[PDB]
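Protein chains in written order, with the deposited numbering: chain A, 60 to 86, 99 to 113, 118 to 128, 131 to 241, 245 to 284, 286 to 329; chain B, 60 to 86, 98 to 113, 115 to 129, 131 to 270, 276 to 329.
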Ligand SMILES: Nc1nc2c(ncn2[C@@H]2O[C@H](COP(=O)(O)OP(=O)(O)O)[C@@H](O)[C@H]2O)c(=O)[nH]1
Ligand SMILES: Nc1nc2c(ncn2[C@@H]2O[C@H](COP(=O)(O)OP(=O)(O)O)[C@@H](O)[C@H]2O)c(=O)[nH]1
Ligand SMILES: [Mg+2]
Ligand SMILES: [Mg+2]
């Protein structure tokens, strides 16, 4: 049982911080290279892939990531044939990928859109709003609506895709309102209300998991519990298949 | 008595919301497409017409010479004043539309400044008075803010980016003492913009309301006083005597 998550997006959005907060939940310098850390603990081995980048010229800035993803597929295609005859086949393909969106309060940057368009064709992308704590209530509500609109209008198929029922009753909910998940990621534990909790120490404490504070708990449950398998299935049966099909 | 402040930086940093904040203090916002200067004739004690110029984006796929459009505007005003410096109309007081002060917004990424940000700043400083500001100061923590301010100061110093108060211009040893504590100690101003008049201005935080003008909450008050009272004149003088003069010299 192996699950791979990857964080993508602009620099300085708390992508790296989230990775660690994510790991501390189930259980910070600047990213320069694509390094993926995996924790062999819940049965499951969850490895999260970090990334940097956000420059004077950003032409084809996605290729590096696309090369990596495609690199993981080719590897699985070579390892899909059980030459070593192993009961289980190691899978390092990117199942779920989170694209961090700067909460600019305006329309999505052209670069964000194109970047998501390319990846959506090759990987399961789940839109996320970084540093949600920055935005006000009315602001965040409107920003999500703006995001959902801009995405749908730009023909960006993101998980859960409409194409691939009880699930249809919930996919609409997760497509329709909840997403993109607005997250606050804090690596620090502070005892709040009698128990150790994770949260930002804003002079104003904000609880990373508290459903009343932010949607991190929702996103976490969504990717690690509810849709953990669906992600893997769509990765293998659609994306990966499409790769080898074009390859062969 | 015309005072001209221009707000610059990448999109979605709170520049426009701050422009309105500044006016609203010393007296639903859409994305800006064109450069628009807002003039509001308001009262030091006497009358003063300050026009706050607004700047769109900076934020795109390929950002080359994205400063060119602004340089062109700034230079457009220098040519205009050069054209109106000779009082053919024999005017007692001459209308001034030159950018005296220019605030540059730096996203609080908590990392080293983006190379584009540096390039953007470097060109402007050699044509105008730049004053480094950190947008959405409220996002950061206390320890994070301190580290970022120091980080910005270092990067700018290292890159040779002369911002107001310029190191080159102060002559007096006393002048240096005061100016060394404003650009080392004080800059860059960590500000929080708020338009909605709530009856003290501020940002509506869930935990509690945050006073935009409070010194204990943010450094907006400091920035206002600096650019409106203390150094308003100094900014103008350097603009006229050095920046403008340099342009006029090059024009020949
Ligand atoms: N307001 C806010 N700031 C955050 C949050 N998470 C991280 N930050 C800050 O933003 C900076 C981003 O750093 P990092 O975690 O490496 O994000 P990265 O740019 O993807 O590498 C950090 O210095 C954090 O102090 C958040 O949820 N809200
Ligand atoms: N956290 C925080 N958010 C702000 C602040 N000022 C503005 N904002 C929000 O960020 C968005 C930026 O919009 P705007 O004022 O037009 O900035 P602009 O993109 O530079 O024009 C607005 O929708 C505001 O709700 C601030 O001081 N702190
Ligand atoms: Mg990073
Ligand atoms: Mg604007």
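A virtual CB, placed ideally from N, CA and C, is assigned to each residue, including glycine.
*asked:* When you compare the CB positions of residue 69/B and residue 131/B, do they come within less than 7 Å of one another, or not?
replied: As a position in the second chain, residue 69/B is number 10, starting the count at 1. As a position in the second chain, residue 131/B is number 59, starting the count at 1. Yes; because the gap between Cβ atoms is below 7 Å, this pair is in contact.
*Give the interface partners of residue 228/A over in chain B, defined as CB-CB distance under 9 Å, in chain order.*
Working through the first chain from its first residue, we reach residue 228/A at position 151. Simply none; closest approach about 17 Å.
*Under a CB-based cut-off of 7 Å, is residue 182/B close to chain A?*
Locating residue 182/B in the second chain gives position 110, where the first residue counts as 1. Taking Cβ atoms only, chain A reaches closer than 7 Å to residue 182/B, which makes this a yes.
_Counting only C-beta atoms, is residue 104/A closer than 7 Å to chain B at any point?_
Numbered from 1 along the first chain, position 33 holds the residue referred to as residue 104/A. Chain B, which has no Cβ nearer than 7 Å to the Cβ of residue 104/A, makes this no.
*Is any beta-carbon of chain A found at less than 7 Å from that of residue 187/B?*
The sequence position of residue 187/B within the second chain is 115, counting from 1. Interface residue, yes.
*Mind checking if residue 136/A is an interface residue toward chain B, Cβ cutoff 7 Å exclusive?*
Your numbering for residue 136/A matches position 59 in the first chain. Between residue 136/A and chain B, the shortest Cβ-Cβ separation is below 7 Å.
*Looking only at C-alpha atoms, which of 272/A, 315/A, 236/A sits nearest to residue 260/A?*
By one-based count along the first chain, residue 260/A stands at place 180. Considering only alpha carbons, the answer is 236/A.
*What distance in whole Å lies between the Cβ atoms of residue 141/A and residue 101/A, which are believed to be in contact at a cut-off of 8 Å?*
Your numbering for residue 101/A matches position 30 in the first chain. Your numbering for residue 141/A matches position 64 in the first chain. At roughly 16 Å, the Cβ-Cβ gap does not stay under 8 Å, so residue 101/A and residue 141/A are not in contact.
*Backbone CA spacing between residue 239/B and residue 181/B [nearest angstrom]*: In the second chain, the residue the question calls residue 239/B occupies position 167. In the second chain, the residue the question calls residue 181/B occupies position 109. Residue 239/B and residue 181/B: Cα-Cα distance of roughly 27 Å.
*In whole angstroms, what is the alpha-carbon distance linking residue 200/B and residue 295/A?*
Taking the first residue of the second chain as 1, we reach residue 200/B at position 128. Taking the first residue of the first chain as 1, we reach residue 295/A at position 214. In this structure, the straight-line span from the alpha carbon of residue 200/B to that of residue 295/A is close to 42 Å.
*Would DSSP call residue 61/B helix, strand or coil?*
Locating residue 61/B in the second chain gives position 2, counting from the first residue. When secondary structure is reduced to three states using DSSP, residue 61/B falls in the strand class.
*Would you report the Cα separation of residue 104/A and residue 75/A, rounded to the nearest angstrom?*
Stepping through the first chain from its first residue, residue 104/A is reached at position 33. Stepping through the first chain from its first residue, residue 75/A is reached at position 16. If you take the alpha carbons of residue 104/A and residue 75/A, they lie about 12 Å apart.
*Entirely enclosed alpha helix (DSSP H) segments - the stretch 181-247 of chain B, minimum 4 residues*: 187-197, 214-231
*For residue 163/A, verify whether its CB is less than 6 Å away from any heavy atom of ligand 6.*
Ligand 6 is not part of this structure, which contains only ligand 1, ligand 2, ligand 3 and ligand 4.
*Verify the contact flag: residue 309/B, CB atom, against every heavy atom of ligand 1, threshold strictly below 6 Å.*
By one-based count along the second chain, residue 309/B stands at place 232. Distances between the C-beta of residue 309/B and the heavy atoms of ligand 1 are all 6 Å or more.
_Inter-residue CB distance, residue 134/A and residue 134/B (contact presumed, cutoff 8 Å)_ = The residue given as residue 134/A occupies position 57 in the first chain. The residue given as residue 134/B occupies position 62 in the second chain. The pair is a contact, with the Cβ atoms about 5 Å apart (cut-off 8 Å).
*Since residue 141/A meets chain B, which of its residues come closer than 8 Å, beta carbon to beta carbon?*
Taking the first residue of the first chain as 1, we reach residue 141/A at position 64. Under the 8 Å cutoff, chain B gives no residues; its nearest Cβ is about 16 Å from residue 141/A.
*Select from 227/A, 171/A, 265/A, 112/A the residue whose C-alpha is nearest the C-alpha of residue 99/A.*
Numbered from its first residue, the first chain carries residue 99/A at position 28. Nearest option by C-alpha distance: 265/A.
*asked:* Closer than 5 Å between the C-beta and any heavy atom of ligand 3: which residues qualify, listed along the chain?
replied: 75/A, 102/A
*Indicate, with yes or no, if ligand 1 has a heavy atom lying under 6 Å from the CB of residue 70/A.*
Mapped onto the first chain, residue 70/A falls at position 11. Residue 70/A: yes, Cβ under 6 Å from ligand 1.
*Examine chain A for any beta-carbon lying closer than 7 Å to the beta-carbon of residue 214/B, and answer yes or no.*
Translated into positions along the second chain, residue 214/B becomes position 142. Chain A, which has a Cβ nearer than 7 Å to the Cβ of residue 214/B, makes this yes.
*Taking one C-beta from the stretch 312-328 of chain A and one from the stretch 147-157 of chain A each time, how about it: are there three or more such pairs within less than 8 Å?*
Under the 8 Å Cβ criterion, the stretch 312-328 of chain A counts as touching the stretch 147-157 of chain A, having at least three qualifying pairs.
*Apart from the five residues on each side of it in sequence, which residues of its chain come closer than 6 Å, Cβ to Cβ, to residue 209/B?*
As a position in the second chain, residue 209/B is number 137, starting the count at 1. If we look at residue 209/B and ignore the five residues flanking it on each side, its Cβ neighbours are 262, 263, 264, 295.
*asked:* As a quick exercise: from 137/A, 222/A, 211/A, pick the residue whose alpha carbon is nearest that of residue 189/A.
replied: To locate residue 189/A, count along the first chain from 1; it is residue 112. Minimum Cα distance to residue 189/A is reached at 137/A.
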